[PDB]
Amino acid sequence: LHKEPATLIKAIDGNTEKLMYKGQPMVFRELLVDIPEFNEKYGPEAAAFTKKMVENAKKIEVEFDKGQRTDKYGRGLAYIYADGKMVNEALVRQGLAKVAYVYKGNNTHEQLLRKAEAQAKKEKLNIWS
Ligand SMILES: Cc1cn([C@H]2C[C@H](OP(=O)(O)O)[C@@H](COP(=O)(O)O)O2)c(=O)[nH]c1=O
């Protein structure tokens, strides 16, 4: 796998809906996680943690896995990094997302993320409280 550059695109409301990848706006869906929606418990917290992590970062990178790069809704499927720290792993490690959607061939970081989830669960953090 290899990391590639992207930048945040700031939406009219001040948040990031899309990343600019090879100079095109794209919604990216994080690989291997289920993140609660805003209306669900921990949803506001997951969103706020993501916003701080990506906005504070000097460098955003995306990393496609070995399988499908876009899903059925046209979203890019990747691991997202903020100054070299994976956003997908960080949400899981904080109990702000669960490991999920593990499909054949896009599963490279599965064990790493399950390791993070077990720690968040052992620590009874957030979703696991
Ligand atoms: C994470 C991921 C989601 N998806 C699709 C599966 C779900 O389809 P369905 O909408 O039919 O349930 C949807 C979940 O995304 P969200 O959790 O963003 O809603 O995204 C993929 O196809 N590949 C993936 O790797």
# chains A, B, ... in the order shown; residues from 1 in each chain; ligands from 1
$ residues_around --residues "residue A:116" --least-positions-apart "2" --cutoff "12 Å" --atoms "only C-alpha atoms" --output "list in words"
residues 33, 86, 87, 88, 89, 90, 91, 92, 93, 94, 95, 96, 97, 98, 99, 109, 110, 111, 112, 113, 114, 118, 119, 120, 121, 122, 123 and 125 of chain A
$ write_last_selection --atoms "N, CA and C atoms" --output "compact mmCIF listing (two decimals), in the first residue's frame"
# COMPACT_ATOMS: atom_id res chain seq x y z
N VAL A 33 -14.57 0.54 9.05
CA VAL A 33 -15.21 1.08 10.27
C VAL A 33 -16.70 1.37 10.07
N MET A 86 -3.33 7.20 11.45
CA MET A 86 -4.51 6.80 10.68
C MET A 86 -5.78 7.21 11.43
N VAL A 87 -6.62 7.96 10.75
CA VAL A 87 -7.88 8.41 11.34
C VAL A 87 -8.78 7.17 11.68
N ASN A 88 -8.80 6.19 10.77
CA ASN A 88 -9.66 4.98 10.99
C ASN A 88 -9.28 4.29 12.29
N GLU A 89 -7.98 4.07 12.48
CA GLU A 89 -7.47 3.44 13.69
C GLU A 89 -7.74 4.30 14.92
N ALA A 90 -7.55 5.63 14.80
CA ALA A 90 -7.72 6.50 15.94
C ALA A 90 -9.16 6.51 16.43
N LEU A 91 -10.12 6.60 15.52
CA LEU A 91 -11.54 6.50 15.96
C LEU A 91 -11.81 5.20 16.68
N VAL A 92 -11.31 4.09 16.10
CA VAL A 92 -11.56 2.78 16.73
C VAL A 92 -10.91 2.73 18.11
N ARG A 93 -9.66 3.20 18.19
CA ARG A 93 -8.90 3.15 19.47
C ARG A 93 -9.61 3.97 20.56
N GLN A 94 -10.33 5.02 20.15
CA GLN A 94 -11.05 5.88 21.12
C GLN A 94 -12.47 5.36 21.40
N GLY A 95 -12.87 4.24 20.81
CA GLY A 95 -14.24 3.73 20.95
C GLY A 95 -15.29 4.62 20.28
N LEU A 96 -14.89 5.31 19.22
CA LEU A 96 -15.78 6.23 18.50
C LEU A 96 -16.15 5.67 17.15
N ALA A 97 -15.76 4.42 16.93
CA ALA A 97 -16.20 3.67 15.73
C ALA A 97 -15.95 2.18 16.04
N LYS A 98 -16.64 1.26 15.35
CA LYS A 98 -16.35 -0.17 15.49
C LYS A 98 -15.77 -0.68 14.19
N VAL A 99 -14.97 -1.73 14.28
CA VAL A 99 -14.53 -2.42 13.12
C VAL A 99 -15.75 -3.04 12.42
N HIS A 109 -5.56 -3.69 6.89
CA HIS A 109 -5.36 -3.19 8.27
C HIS A 109 -6.34 -3.74 9.28
N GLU A 110 -7.06 -4.78 8.89
CA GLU A 110 -8.05 -5.39 9.75
C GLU A 110 -7.48 -5.75 11.13
N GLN A 111 -6.37 -6.51 11.17
CA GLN A 111 -5.86 -6.94 12.49
C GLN A 111 -5.46 -5.72 13.35
N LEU A 112 -4.83 -4.74 12.73
CA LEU A 112 -4.44 -3.53 13.42
C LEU A 112 -5.65 -2.82 14.06
N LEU A 113 -6.69 -2.68 13.27
CA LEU A 113 -7.93 -2.05 13.79
C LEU A 113 -8.62 -2.92 14.87
N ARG A 114 -8.68 -4.25 14.68
CA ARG A 114 -9.26 -5.10 15.73
C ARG A 114 -8.46 -5.03 17.04
N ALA A 118 -10.11 -3.82 20.58
CA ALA A 118 -10.01 -4.59 21.85
C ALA A 118 -9.52 -3.73 23.01
N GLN A 119 -8.61 -2.80 22.73
CA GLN A 119 -8.12 -1.91 23.78
C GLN A 119 -9.20 -0.94 24.20
N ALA A 120 -9.92 -0.34 23.23
CA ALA A 120 -11.00 0.59 23.55
C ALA A 120 -12.08 -0.14 24.38
N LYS A 121 -12.39 -1.38 23.98
CA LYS A 121 -13.37 -2.19 24.69
C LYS A 121 -12.89 -2.54 26.13
N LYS A 122 -11.58 -2.80 26.28
CA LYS A 122 -11.02 -3.20 27.58
C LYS A 122 -11.09 -1.98 28.46
N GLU A 123 -10.89 -0.82 27.85
CA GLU A 123 -10.92 0.47 28.58
C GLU A 123 -12.35 1.02 28.74
N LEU A 125 -14.31 2.44 26.71
CA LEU A 125 -14.34 3.83 26.24
C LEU A 125 -15.55 4.07 25.34
$ residues_near_ligand --ligand "ligand 1" --cutoff "12 Å" --atoms "only C-alpha atoms and all ligand atoms" --output "PyMOL selection string"
chain A and resi 27-38+43+64-79+88+97-108+110
$ residues_around --residues "residue A:62" --least-positions-apart "5" --cutoff "9 Å" --atoms "only C-alpha atoms" --output "ChimeraX atom specification"
/A:2-6,21,28,78-81
$ closest_residue --among "A:42, A:8, A:24, A:47" --to "residue A:61" --atoms "only C-alpha atoms"
A:8
$ select_by_dssp --residues "chain A" --states "strand (DSSP E or B)" --output "VMD selection string"
chain A and resid 4 to 10 16 to 21 24 to 26 28 to 30 33 to 34 60 to 63 70 76 to 82 85 to 86 98 to 99
$ write_last_selection --atoms "N, CA, C and O atoms" --output "short mmCIF file (atom, residue, chain, number, x, y, z; two decimals), in the first residue's frame"
data_model
loop_
_atom_site.label_atom_id
_atom_site.label_comp_id
_atom_site.auth_asym_id
_atom_site.auth_seq_id
_atom_site.Cartn_x
_atom_site.Cartn_y
_atom_site.Cartn_z
N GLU A 4 -0.99 8.67 -0.50
CA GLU A 4 -1.00 9.66 -1.54
C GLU A 4 -1.54 10.96 -0.97
O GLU A 4 -2.31 10.93 -0.02
N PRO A 5 -1.15 12.10 -1.54
CA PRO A 5 -1.60 13.35 -1.00
C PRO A 5 -3.07 13.64 -1.27
O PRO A 5 -3.65 13.26 -2.30
N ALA A 6 -3.63 14.38 -0.35
CA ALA A 6 -4.95 14.99 -0.57
C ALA A 6 -5.01 16.23 0.29
O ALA A 6 -4.19 16.37 1.24
N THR A 7 -5.99 17.08 0.03
CA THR A 7 -6.20 18.24 0.91
C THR A 7 -7.67 18.32 1.36
O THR A 7 -8.57 17.86 0.64
N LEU A 8 -7.93 18.93 2.53
CA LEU A 8 -9.36 19.14 2.94
C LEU A 8 -10.04 20.16 2.05
O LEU A 8 -9.43 21.17 1.70
N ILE A 9 -11.30 19.92 1.65
CA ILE A 9 -12.08 20.97 1.01
C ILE A 9 -13.08 21.47 2.04
O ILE A 9 -13.80 20.67 2.61
N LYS A 10 -13.06 22.75 2.32
CA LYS A 10 -13.94 23.30 3.35
C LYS A 10 -15.32 23.60 2.72
O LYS A 10 -15.39 24.28 1.67
N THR A 16 -15.48 19.70 6.65
CA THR A 16 -14.94 19.02 5.48
C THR A 16 -15.91 17.91 5.11
O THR A 16 -16.12 16.96 5.90
N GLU A 17 -16.52 18.04 3.94
CA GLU A 17 -17.35 16.96 3.39
C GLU A 17 -16.52 16.14 2.44
O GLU A 17 -16.79 14.93 2.27
N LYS A 18 -15.57 16.79 1.78
CA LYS A 18 -14.85 16.11 0.69
C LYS A 18 -13.34 16.36 0.84
O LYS A 18 -12.93 17.33 1.47
N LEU A 19 -12.53 15.49 0.22
CA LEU A 19 -11.11 15.72 0.09
C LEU A 19 -10.83 15.99 -1.37
O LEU A 19 -11.54 15.48 -2.26
N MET A 20 -9.76 16.75 -1.62
CA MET A 20 -9.32 16.97 -2.99
C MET A 20 -8.26 15.93 -3.29
O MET A 20 -7.22 15.94 -2.66
N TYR A 21 -8.59 14.96 -4.15
CA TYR A 21 -7.66 13.87 -4.53
C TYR A 21 -7.34 13.91 -6.04
O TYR A 21 -8.26 13.88 -6.85
N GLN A 24 -9.35 16.49 -7.71
CA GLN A 24 -10.81 16.36 -7.79
C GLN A 24 -11.48 16.23 -6.43
O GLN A 24 -10.98 15.51 -5.57
N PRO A 25 -12.63 16.90 -6.24
CA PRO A 25 -13.42 16.71 -5.00
C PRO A 25 -14.04 15.34 -4.91
O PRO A 25 -14.72 14.88 -5.86
N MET A 26 -13.84 14.69 -3.76
CA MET A 26 -14.37 13.34 -3.58
C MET A 26 -14.80 13.14 -2.18
O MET A 26 -14.10 13.56 -1.24
N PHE A 28 -14.81 10.68 0.73
CA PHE A 28 -14.11 9.48 1.10
C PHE A 28 -14.82 8.78 2.24
O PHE A 28 -15.29 9.44 3.19
N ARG A 29 -15.03 7.48 2.11
CA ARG A 29 -15.62 6.69 3.20
C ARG A 29 -14.47 5.89 3.83
O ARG A 29 -13.75 5.19 3.13
N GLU A 30 -14.31 5.95 5.15
CA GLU A 30 -13.18 5.27 5.78
C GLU A 30 -13.33 3.75 5.70
O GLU A 30 -14.34 3.20 6.07
N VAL A 33 -14.57 0.54 9.05
CA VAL A 33 -15.21 1.08 10.27
C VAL A 33 -16.70 1.37 10.07
O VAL A 33 -17.17 1.61 8.93
N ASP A 34 -17.42 1.34 11.17
CA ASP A 34 -18.77 1.84 11.23
C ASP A 34 -18.74 2.99 12.25
O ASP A 34 -18.43 2.78 13.43
N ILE A 60 -2.59 15.77 5.07
CA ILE A 60 -3.58 14.66 4.95
C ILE A 60 -3.13 13.75 3.78
O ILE A 60 -2.58 14.27 2.76
N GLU A 61 -3.22 12.43 4.00
CA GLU A 61 -2.89 11.42 2.99
C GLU A 61 -4.03 10.39 2.91
O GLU A 61 -4.69 10.11 3.94
N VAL A 62 -4.25 9.84 1.71
CA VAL A 62 -5.18 8.71 1.58
C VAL A 62 -4.38 7.48 1.12
O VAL A 62 -3.34 7.60 0.46
N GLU A 63 -4.87 6.29 1.49
CA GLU A 63 -4.14 5.07 1.16
C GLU A 63 -5.21 4.07 0.75
O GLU A 63 -6.05 3.65 1.56
N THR A 70 -13.66 2.58 -5.10
CA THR A 70 -14.84 3.42 -4.93
C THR A 70 -15.99 2.51 -4.56
O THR A 70 -16.08 1.42 -5.12
N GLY A 76 -14.86 7.32 -2.30
CA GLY A 76 -13.53 6.67 -2.35
C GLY A 76 -13.37 5.86 -1.07
O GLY A 76 -13.88 6.28 -0.01
N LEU A 77 -12.80 4.67 -1.16
CA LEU A 77 -12.64 3.81 0.02
C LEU A 77 -11.17 3.77 0.35
O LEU A 77 -10.35 3.31 -0.47
N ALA A 78 -10.80 4.32 1.49
CA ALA A 78 -9.36 4.42 1.78
C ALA A 78 -9.12 4.41 3.26
O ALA A 78 -10.04 4.64 4.05
N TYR A 79 -7.84 4.26 3.63
CA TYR A 79 -7.38 4.61 4.98
C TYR A 79 -6.88 6.06 4.95
O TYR A 79 -6.18 6.46 4.05
N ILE A 80 -7.31 6.86 5.90
CA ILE A 80 -7.02 8.30 5.86
C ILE A 80 -6.01 8.58 6.93
O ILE A 80 -6.18 8.11 8.08
N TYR A 81 -4.96 9.36 6.61
CA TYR A 81 -3.91 9.68 7.60
C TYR A 81 -3.83 11.19 7.81
O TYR A 81 -3.95 11.98 6.86
N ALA A 82 -3.65 11.58 9.06
CA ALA A 82 -3.46 12.99 9.43
C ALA A 82 -2.10 13.07 10.14
O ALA A 82 -1.92 12.47 11.24
N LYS A 85 -0.81 9.65 11.22
CA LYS A 85 -1.65 8.84 12.14
C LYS A 85 -2.92 8.48 11.42
O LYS A 85 -3.55 9.37 10.86
N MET A 86 -3.33 7.20 11.45
CA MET A 86 -4.51 6.80 10.68
C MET A 86 -5.78 7.21 11.43
O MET A 86 -5.93 6.93 12.63
N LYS A 98 -16.64 1.26 15.35
CA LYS A 98 -16.35 -0.17 15.49
C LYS A 98 -15.77 -0.68 14.19
O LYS A 98 -16.06 -0.14 13.12
N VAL A 99 -14.97 -1.73 14.28
CA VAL A 99 -14.53 -2.42 13.12
C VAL A 99 -15.75 -3.04 12.42
O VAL A 99 -16.63 -3.60 13.09
#
$ atom_distance --atom1 "atom CA of residue A:52" --atom2 "atom CA of residue A:1"
25.8 Å
$ atom_distance --atom1 "atom CA of residue A:54" --atom2 "atom CA of residue A:14"
13.0 Å
